[PDB]
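Coordinates in review
The chain contents come next:
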Amino acid sequence: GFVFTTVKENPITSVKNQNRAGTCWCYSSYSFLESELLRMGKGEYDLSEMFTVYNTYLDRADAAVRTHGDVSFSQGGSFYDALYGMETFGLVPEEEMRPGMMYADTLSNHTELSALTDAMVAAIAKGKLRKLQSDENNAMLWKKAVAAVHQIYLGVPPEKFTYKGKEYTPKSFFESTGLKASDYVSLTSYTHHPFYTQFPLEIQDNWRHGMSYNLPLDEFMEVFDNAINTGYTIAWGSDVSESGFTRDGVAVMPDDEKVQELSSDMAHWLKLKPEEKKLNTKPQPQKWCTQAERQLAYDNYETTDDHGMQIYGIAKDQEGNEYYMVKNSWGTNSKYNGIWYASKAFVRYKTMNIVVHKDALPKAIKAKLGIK
Amino acid sequence: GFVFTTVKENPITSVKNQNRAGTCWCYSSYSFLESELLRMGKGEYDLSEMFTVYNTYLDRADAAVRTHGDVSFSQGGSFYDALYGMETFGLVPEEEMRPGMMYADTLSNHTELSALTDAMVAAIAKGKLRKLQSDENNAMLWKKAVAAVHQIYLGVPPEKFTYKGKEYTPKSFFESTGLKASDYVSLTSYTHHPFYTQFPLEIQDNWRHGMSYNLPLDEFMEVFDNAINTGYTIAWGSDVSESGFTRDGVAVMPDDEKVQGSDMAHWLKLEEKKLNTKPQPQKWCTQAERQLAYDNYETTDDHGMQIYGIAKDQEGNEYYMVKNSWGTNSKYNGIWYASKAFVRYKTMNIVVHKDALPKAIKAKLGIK
Amino acid sequence: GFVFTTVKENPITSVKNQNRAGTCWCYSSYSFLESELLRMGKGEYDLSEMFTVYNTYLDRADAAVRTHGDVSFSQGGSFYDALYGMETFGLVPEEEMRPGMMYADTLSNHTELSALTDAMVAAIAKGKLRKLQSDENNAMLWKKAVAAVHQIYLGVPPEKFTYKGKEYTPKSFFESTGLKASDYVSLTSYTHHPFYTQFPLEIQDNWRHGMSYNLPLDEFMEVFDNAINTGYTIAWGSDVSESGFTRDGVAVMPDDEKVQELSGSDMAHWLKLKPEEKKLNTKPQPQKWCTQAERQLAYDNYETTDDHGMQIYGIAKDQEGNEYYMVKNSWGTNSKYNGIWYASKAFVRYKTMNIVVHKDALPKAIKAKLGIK
Amino acid sequence: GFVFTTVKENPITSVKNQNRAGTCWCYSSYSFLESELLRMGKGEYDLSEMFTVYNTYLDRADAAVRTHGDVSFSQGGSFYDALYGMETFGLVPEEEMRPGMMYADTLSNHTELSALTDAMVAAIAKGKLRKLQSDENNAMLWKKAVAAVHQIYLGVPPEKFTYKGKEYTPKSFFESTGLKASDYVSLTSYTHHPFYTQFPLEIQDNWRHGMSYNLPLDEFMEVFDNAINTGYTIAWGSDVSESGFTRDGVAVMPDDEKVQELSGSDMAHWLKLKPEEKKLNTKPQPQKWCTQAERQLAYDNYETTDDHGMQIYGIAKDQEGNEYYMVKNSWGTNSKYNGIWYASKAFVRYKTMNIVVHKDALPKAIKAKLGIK
Amino acid sequence: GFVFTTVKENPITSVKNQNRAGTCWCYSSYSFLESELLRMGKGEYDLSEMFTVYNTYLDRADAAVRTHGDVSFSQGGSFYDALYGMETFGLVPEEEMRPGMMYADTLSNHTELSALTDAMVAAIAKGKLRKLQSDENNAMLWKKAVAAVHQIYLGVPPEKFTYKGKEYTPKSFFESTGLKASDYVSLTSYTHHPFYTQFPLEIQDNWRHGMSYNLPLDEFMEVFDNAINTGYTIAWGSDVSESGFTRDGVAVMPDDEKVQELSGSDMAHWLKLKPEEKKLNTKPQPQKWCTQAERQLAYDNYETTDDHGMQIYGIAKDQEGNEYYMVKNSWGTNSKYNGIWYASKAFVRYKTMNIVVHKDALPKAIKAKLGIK
Ligand SMILES: *CC(=O)[C@H](CCCNC(=N)N)NC(=O)CN
Ligand SMILES: *CC(=O)[C@H](CCCNC(=N)N)NC(=O)CN
Ligand SMILES: *CC(=O)[C@H](CCCNC(=N)N)NC(=O)CN
Ligand SMILES: *CC(=O)[C@H](CCCNC(=N)N)NC(=O)CN
Ligand SMILES: *CC(=O)[C@H](CCCNC(=N)N)NC(=O)CN
Ligand SMILES: [K+]
Ligand SMILES: [K+]
Ligand SMILES: [K+]
Ligand SMILES: [K+]
Ligand SMILES: [K+]
Ligand SMILES: [K+]
Ligand SMILES: [K+]
Ligand SMILES: [K+]
Ligand SMILES: [K+]
Ligand SMILES: [K+]
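The PDB entry lists chain C under the name Aminopeptidase C, with Parabacteroides distasonis given as the organism. According to the PDB record, the title of this entry is "A processive dipeptidyl aminopeptidase secreted from an established commensal bacterium P. distasonis". Note on chain C: under the UniProt heading Sequence similarities (unreviewed entry), the record states "Belongs to the peptidase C1 family."

The name given to chain B in the PDB entry is Aminopeptidase C, and the organism recorded there is Parabacteroides distasonis. Under the UniProt heading Sequence similarities (unreviewed entry), the entry covering chain B gives this text: "Belongs to the peptidase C1 family."

So this is what it looks like as structure tokens:
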């Protein structure tokens, strides 16, 4: 089995549960922003994902209609959706818009909401309508309909609310946190664009076309360690549709060839049970990908924008392999109570993009990117 | 051409315009009920079709979901939808829910509303959802969604309103009119059910399964003349997808063989035959010929109108005076002249007041 | 009828014919770039649209696959596709890749090419494949397949060629022209984004997400006249799906109410009248001058769409003094004005999606508000 | 368990692996033709299936387009595809076109190739195109596209190559083998056509409409034994979608009623016993010996379909004396008998679609009834 | 206009009317066979197309099911369907199974029949059924269903009937005519197969895969004249989806370029004329004479398809001396020439798919090249 030893970890809030909704982009973004508020001495917060999820879906519906269905309308999103959201829509506390409150639950189940809203947006964006209807103030009626249905399943967004004795608006509550979207940068590492430049990742949930700074793979991984070692956390967008990512709290990238030599020869090893191979159950030699191997997986669909999480610490196993400590959003009913251990080889290979505070960047990388 | 002379006509209200919506079932029903209020001495009314159209669509959406998509969800309806509606939802005046007020118009355009609501109802009724969501009061969330979207395109139904100095609710306003749904009967004429019995017509817009009394074709047509001659009007549901039904205010059933100076080989390769422009010999259908057209899709539940009078042409042919709901931009300002032969052949069903029925027919149907 | 008188127009090349392909974005871009070369004293050029169209489709196929089918794969494009293309792929003269040369024609017919490549891109982008195949050099095989099929219908791109005695590559030929993509800016006018900022237009053929500067409508229209009056031309991307845009060389925006008032007919007889008798698009009529909000509504409700790309190169007036922009289309010369269109300023104000001009065509005050040095 | 003893078997080449491609028709045909070359004293050969697979798919795409989609375009084929192929295209050694060489593999994976080419052929054969494009030499452009995509995934067919010191073309290399397609006949056994006549089997992969001689079922089975006993092998096209065809190297046709009686349990208790305790396909059991009508019903009601192509090369017996045919499969050697299957004579009698043998493998009397010299 | 003068014509029966059914293949085949019976001194016959149509559709449904939907199930057919039909099913006179008798008509309207049977065959051939049901005699139940529905719309086929005082069966009535399918050959002219060989045309309605002899185009046309001049008629399967094939009884192949050269207008004045003004199909014009390659291109690129079946029975000339073939159509007599068409020799040379003639209609030299006794 695995025996992990924490090397360094930074403060995080409690593990949340997105339940039956594709809102990991918002839950991980808020785990990140809440750790940012803790680091900035602002205290512990519990931000409402349903508020940002609600406003993001309305903008995504508008994008689908403007592009006549090219922008897909689904539940996913990005870290930039939350950074854009707090500046544009603001923030509200968790108590003002809880998950499941409209259908007598305490956890999200957006299957019916999507079934209706996907059908509505498609009837407009991909239909035969030549002129969409509007009221005397040139307000579109279909936007009212999509907003009305979203409010029925997610709740009504508060215009004013009281939090710890003071009255706020979503905008004024965001201002009280002191957060600035300009303090955060998105980073990635690919070769189909020149290094040290900005490009929008060609993924479906990046329909806002948010930019990311492009770094070489080795410098990309240094930002991870530099952020954790200097007290920062990382918003981690990664591929999790791999055999190494298990339900038992670990994400590893084992070298299948090296494990076969330490065992049975190559012929007998290839007919040993998965329980007998122990590829994802014990510390194994990791495969350290090159920049080209990382690019191939992104080109050939083996690395997709699957899941958003938060990296907040570094740990080691009994054999000395290094891991990143990951805060998931699937509740606490797992081996490590909602915490995952992702090996550095896995993160190097399957990371789509990350968001960190600017001051988490090493001085040399800041200069190469032109960030003051 | 045609030269029509009114033989008798009964009071009607102004010609309305359903415009770009399949809501003729409600517009013709209200033309009928407004003539009924005039006949009963209640004065002139302008009832809101959009109020009943709104509530009918919510019930039709529920019917589609309960039957998992068997009941089709579309814009059409029946005279019974209005009779059931006034008893269940009530009535409001036209001013309280006008057509097009939500998209800066004065006439209906429900194409976008249908595009949205058809997609929503289908996602529930014909989708893969195994458990529909509900709130703490067991109210369905999808019904809230479908109702909210209808209100955005049709308007909010009034809970209270003031009409001619008095405050009303939709229910109390209906009660002030004195209308009773039990005073009205639906009549049809087909042979796939026994005569003088009741059966629900097997048509898509009769999803409420309203009953109709079955009469022989000759006795069926006697109700038409007796109703007009005793001062009543008729809610007329008929097939209008015929070559004889023209946009120029006439509906005729000409005998193609009898009209044929051109030989048969020249006639079958000839608008030039002046078939719908002058008085022609009519095809007087038998009961079996009427039944075949209903069985083979040639007679379908197309359109709802109001018959309010009888007229003659220059040659003495009898016509029924029809009040359509397509506005007044036609040859007779929204009025149609339907020959008795056309009505005999293409009528789906009619609704009249009980007292418009002859006494002998009333007894055969068992109507007190 | 119409009688037009040129007020001022700037030099253009011959009218081209895109024929049966949705490549107006490239033909108008090159009509624009060729006028830029004439203005810069470089002479007359005939740049190959098929070269840029070929390389653009390979990038669009890649965009469709990376976004798993979100980016639609179709024939359209944008002015930025050509501006990006000349910097990335270069330029070749018309003779090196002519339209229709592969199927024994002289004009484009890309219907069969699209039928195949649309089916190919969809099989990859929207299929069930879990791992796309690659060779020993990590090159994707599907990109080789899509590139090979495009070459069979469009031709092989030249690596080297000789033009007027000198040997070139596509890159070195572009460098010999002196064109710079940084000299050109995209402009638009909408209110769903703040004025004097940059945003990518939310249209399907802008899959590269090229930015456009947002201007108020009146300052936006000032760029048109200042560009023409100072000797520049305009790459004009506009909606042409209007009743006022006719096949007879005019694009007008008539006020239906004012024309109805100045005729004996009333509202009832007019709404059931013969369009030949309304003379709405056949003689000078009072124009409908849209507000900023009316322009925004048409873009919001699908009445203003990214339909067609053309070139504005002059200003003209009719017999009544109404001003028009002179438009060079790419539908050949078999029209009333030999491939030239006259679009009234009211039509351009209402139906323009975006334009591309040289930076120096901007008035100095507008340059300052946009932060363009 | 099963214990097999060879009665007679004829020389075969090594077991191949078709991997993730529906190319069993070509791998079995080449196992058959290679045994023919050994029998004819020509030595051991390793013919390239990918060469014949490449050329066959181009002909199948042409057939699909000519019939506007009636001929399905899929990976399958028939023994006649290979016999026709060697006469028309020729033969090349394995080294000149290996499987997987284009996507850095050593075994075939044609899933992506099919995804593209199925989409391309359907866009032409089942689309709305009214006139397909052609070049100056009347060569169809879509055929160029389908060929180019196949070469990207399968490799370039060699025009010339050197094999064991001699230079060949695909045609001249085929001529050096001495093989003749006229030496081989297709045989089947059905009643919806008269016996001792020729008819093309009404199966999808027989889009070339190759003929088969129709024999009574008993005389059909006599050809099997006579071919093996006189030193010939058989190209065996058969249904393998049966419970009796197992992954453990056996293909049996057990009589469910007799096996139930042979166990102590009655009809009720037997029908609620687990399959491990049923032992239907794990030990020798009484076989179901079908009639001609029972064989016809299974072909008529979809229970016998053209699933798989293999090679029968020997006869074996089990511990109880039951006779089996020794089958060379093309799924590699990672099975109980290293890629070899044992198919009981009852299974072969029941589930055989058709066979191909050399003319001289036919008994003289059967050869006379068919009119074969 | 056209003024035609008959050069020679052979006896034919009355013009029939297929009405709303795709049964031209059977009506033209029986017009052909009836002229053969007149030529052989057997008298005039009126054979029932609905009898052969009924039995052909049952076989085509079986073909669709056996090929799991590859063979399309539609109303069309071929001349070989009737030649095969009379040998297999026999012949009955028109009176025993008339068109429309089942739905109170006198002419065919098979739209509803097709709607039902297309859905039935597709539910079997392209469905998910793994085992089709059969009765105690191994007869397929779906074949009973498809046959029952065909009888409801077409009528019950007679087992016995009385004709001119004698009682017949469908088989014995066919024998009384003396017709032999072996007396007739199918001919075509294409280059994707070797000349003077037999191949089945790759067309959807040739699902029986009937063979045709391949002739060079010039020798192919010699059979036309030799058959007519020696007293025979021709079963003519041709493409009729051309601008030259008009509803006014003519089928021409005018050279658009050559007519403009003899026209008074220039190239620019001609390409801007009204169709009625450019008199392409209304007056005798110079014809376009195709090469063998041009004929092949039209078959390859979908411009020549197996559209219509007719009968050629004579040769005629126009006022200017151009040669035409006299064609007996099956669209009734309500046309300019009462159901007769005049097809120029250039049209027949270009748009003919295949023909069927009696063996003795072939020239002696051509008969020898094909190896026909
Ligand atoms: C991690 C998560 O919950 C969402 C799931 C979205 C699923 N949507 C579709 N498959 N169409 N993932 C993301 O938001 C990734 N950015
Ligand atoms: C009254 C009216 O106009 C409708 C037309 C709409 C029909 N559309 C559909 N059924 N989908 N006709 C009726 O309501 C017939 N009673
Ligand atoms: C004007 C032109 O040729 C293209 C046509 C695009 C057609 N697109 C589709 N049929 N899906 N228009 C543009 O490129 C506009 N940017
Ligand atoms: C045995 C083999 O590899 C092929 C598989 C063809 C599968 N085809 C489709 N799923 N469409 N089988 C044959 O070639 C049978 N003759
Ligand atoms: C000439 C004729 O009647 C048929 C047309 C039927 C074809 N219809 C469809 N394929 N849907 N033509 C032929 O039979 C030519 N073989
Ligand atoms: K929270
Ligand atoms: K993955
Ligand atoms: K009203
Ligand atoms: K009708
Ligand atoms: K050019
Ligand atoms: K438009
Ligand atoms: K091999
Ligand atoms: K089977
Ligand atoms: K006949
Ligand atoms: K044609």
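This is not the end of the story, as more comes after the structure.
The helix and strand tally for chain B stands at twelve helices and twelve strands. Here the C-alpha radius of gyration of chain B, 22 Å, is about what a compact globule of 368 residues would show, namely 21 Å.

Moving on: the overall build of chain C. Scanning chain C for helices and strands turns up 13 helices and twelve strands. For a compact globule of 373 residues, the expected C-alpha radius of gyration is about 21 Å, and chain C comes in at 22 Å, within 12% of that figure. Across its three principal axes, chain C shows a C-alpha extent of roughly 75 × 50 × 45 Å. A sequence separation of at least 24 residues applies to 75% of the contacts in chain C between residues at least 6 apart.

This part takes up the side chain of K16 of chain A. Residues and elements named next belong to chain A. The residue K16 is located in the loop between β1 (5-9) and α1 (24-39) in this model. In this structure the side chain of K16 is engaged in a polar contact, spanning 2.9 Å, whose partner is the backbone oxygen of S14. In contact with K16, not counting residues within four places along its chain, are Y27, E34, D46, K327, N328, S329, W330 and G331.

Residue and element names in this part refer to chain E. The local shell around ligand 5 consists of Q18, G22, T23, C24, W25, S74, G76, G77, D205, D306, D307 and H308. Within the backbone of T23, a nitrogen or oxygen atom sits 3.5 Å from an oxygen atom of ligand 5. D205 is positioned with one of its side-chain polar atoms (N or O) 2.7 Å from a nitrogen atom of ligand 5. For the shell around ligand 5, a count of residues per class yields two nonpolar, seven polar and three charged.

Right, let's get into the site of ligand 1. Residue and element names in this part refer to chain A. Every residue near ligand 1 is listed here: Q18, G22, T23, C24, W25, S74, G76, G77, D205, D305, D306 and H307. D205 is positioned such that a nitrogen or oxygen atom in its side chain is 3.0 Å from a nitrogen atom of ligand 1. When its residues are assigned to classes, the shell around ligand 1 shows two nonpolar, seven polar and three charged.

Our focus in this paragraph is the interface of chain C and chain D. Taken residue by residue, the interface counts 28 residues in chain C and 28 residues in chain D. Summed over both partners, the interface of chain C with chain D buries about 2,300 Å², with 69% contributed by carbon and sulfur atoms. Along the contact surface separating chain C from chain D lie zero salt bridges. Across the contact surface, chain C and chain D share six residue pairs in polar contact. Only α4 (111-125) and α5 (141-154) of chain C provide two or more residues apiece to the side of chain C that touches chain D. In terms of residue class, the side of chain C that touches chain D is made up of 19 nonpolar, four polar and five charged.

Turning next to the UniProt feature "binding site: Zn(2+)" (unreviewed entry) in chain B. Residue and element names in this part refer to chain B. With numbering matched to this structure, UniProt assigns "binding site: Zn(2+)" (unreviewed entry) to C24, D263 and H303. Tracing the sequence through the fold places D263 in the loop between α8 (256-259) and α9 (264-267). You can see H303 is positioned in strand β9 (residues 303-312). The class for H303 is buried, based on a relative accessible area of 5%. Among all residues touching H303, those that are not within four sequence positions of it are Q18, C24, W236, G237, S238, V240, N324, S325 and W326.

Residues and elements named next belong to chain C. Taken together, the protein ligands of the potassium ion (ligand 10) are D46 (OD), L47 (O), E49 (OE), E49 (OE) and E94 (OE), with distances of 2.6 to 2.8 Å. Coordination of the potassium ion (ligand 10) draws on donor residues from a single chain, spaced D-L-x1-E-x44-E in sequence. Looking at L47, the relative accessible area reads 0%, which means it is buried.

Residue and element names in this part refer to chain A. Within this structure, the stated rule accounts for 121 aromatic pairs over all chains. When the centroid spacing of 5.1 Å and the interplanar angle of 65° are considered together, the rings of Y168 and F173 count as edge-to-face. The burial state of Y168 is the same as that of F173; both residues are buried. An aromatic cluster is built from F2, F4, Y323, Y336 and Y341, whose rings are joined through pairwise contacts.

The next thing to look at is the coordination of the potassium ion (ligand 11). Residue and element names in this part refer to chain C. Donor atoms from the polypeptide that coordinate the potassium ion (ligand 11) comprise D239 (OD), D239 (OD), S241 (O), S241 (OG), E242 (OE) and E303 (O), at 2.6 to 2.7 Å from the metal. Around the potassium ion (ligand 11) sit six donor atoms, and with donor-metal-donor angles ranging over 48 to 147° the site reads as irregular. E242 gets classed as partly exposed once you look at its relative accessible area, which sits at 22%.

Time to look at the arrangement of the chains. Among the six pairs of chains that make contact, the interface with the largest number of contacts is formed by chains C and D. For the non-touching pair chain A and chain E, the nearest C-alpha separation works out to 29 Å. The smallest C-alpha distance separating chain C from chain E is 10 Å, and no contact links them.

For the rest of this paragraph, the subject is the pairing of strand β6 (residues 211-214) of chain D. Each regular strand carries side chains that alternate between the two faces of the sheet. Residue and element names in this part refer to chain D. As defined by bridge partners, strand β4 (residues 184-188) adjoins β6 across two bridges and the pair is classed as parallel. The residue bridging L187 from the neighbouring strand is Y213, located in β6. Sheet topology note: the strand β5 (residues 198-200)/β6 ladder contains three bridges and is antiparallel. Looking at β6, one finds that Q198 is bridged to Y213.

Note on the identical chains: chain C maps onto chain D by a rotation of 179° and an axial translation of 0.1 Å, with an RMSD of 0.3 Å. What the superposition gives is, in effect, a two-fold axis relating one chain to the other. Taking C-alpha positions as the reference, the residue of chain C nearest the rotation axis is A119 of chain C, at 2.7 Å.

Turning our attention to the relation of the copies chain D and chain E. The operation relating chain D to chain E is a screw motion whose rotation component is 180°, with 0.1 Å of axial translation and a residual RMSD of 0.3 Å. Take the interface residues of chain D: 100% of them recur as interface residues in chain E, which is what a same-surface contact looks like.

Right, let's get into the UniProt feature "active site" (unreviewed entry) in chain B. All names here are of chain B. The UniProt feature table records "active site" (unreviewed entry) at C24, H303 and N324. You can see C24 is positioned in helix α1 (residues 24-39). Since its relative accessible area comes to 8%, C24 is described here as buried. With residues near it in sequence (within four places) discarded, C24 still touches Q18, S29, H303, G304 and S325. Topologically, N324 is positioned in the loop between β10 (318-323) and β11 (335-339). Taking the relative accessible area as the measure of exposure, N324 reaches 2% and is therefore buried. In this structure, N324 is in contact with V15, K16, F245, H303, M305, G334 and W336, ignoring residues within four places of it in sequence.

Turning our eyes to something else, we now look at the side chain of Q133 of chain A. Within the fold, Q133 of chain A resides in the loop between α4 (111-125) and α5 (141-154). If we skip the residues at most four places from it in the chain, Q133 of chain A touches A139, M140 and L141 of chain A together with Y103, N109, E112 and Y153 of chain B.

Right, let's talk about the pairing of strand β11 (residues 340-344) of chain E for a bit. Residues and elements named next belong to chain E. The buried count for β11 comes to five of five residues, which makes it a mostly enclosed element. Because side chains alternate across β11, one face comprises the buried residues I340, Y342 and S344, and the other comprises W341 and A343, equally buried. Both strand β8 (residues 250-251) and β11 contribute to a ladder of two bridges, which runs parallel. The residue bridging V250 from the neighbouring strand is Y342, located in β11.

Right, let's get into the interface of chain D and chain E. At the junction of the two partners, chain D supplies 31 residues and chain E supplies 31 residues. Counting residues per element, the ones that place at least two in the side of chain D that touches chain E are α2 (49-66), α4 (111-125) and α11 (292-300) of chain D. In terms of residue count, α11 of chain D provides more of the side of chain D that touches chain E than any other element does, five residues in total.

Rules behind the numbers
- Residues numbered from 1 in each chain as written, not as in the entry; some residues may be left out.
- Chains lettered and ligands numbered in written order.
- Part of a larger assembly, values for the part shown.
- Heavy atoms only, no water.
- Residues with missing side-chain atoms left out of burial classes, pairs and counts.
- UniProt positions renumbered as here; feature names shortened; annotations may be inferred.
- Helix = DSSP H or I, 4+ residues; strand = E, 2+ residues; numbered from the N terminus.
- Rg over C-alpha atoms; globule rule 2.2 N^0.38 Å.
- Contact = heavy atoms within 4.5 Å.
- Polar contact = N/O pair within 3.5 Å; in protein donor to acceptor, adjacent residues only side chain to side chain.
- Near = heavy atom within 4 Å.
- Nonpolar A, V, L, I, M, F, W, Y, C, P; charged D, E, K, R; others polar.
- Buried area = accessible area lost by both parts, 1.4 Å probe.
- Salt bridge = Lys/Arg side-chain N within 4 Å of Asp/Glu carboxyl O.
- Buried < 20%, exposed > 50% of the residue type's maximum accessible area, 1.4 Å probe, protein only.
- Donors = N, O, S within 2.8 Å, 3.2 Å for Na, K, Ca; no water.
- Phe/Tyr/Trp six-rings, centres within 6.5 Å; stacked < 30°, edge-to-face > 60°.
- Tetrahedral: all angles 85-135°; square planar, octahedral: opposite > 155°, others 65-115°.
- Pairing = 2+ DSSP bridges.
- Least-squares fit on C-alpha atoms.

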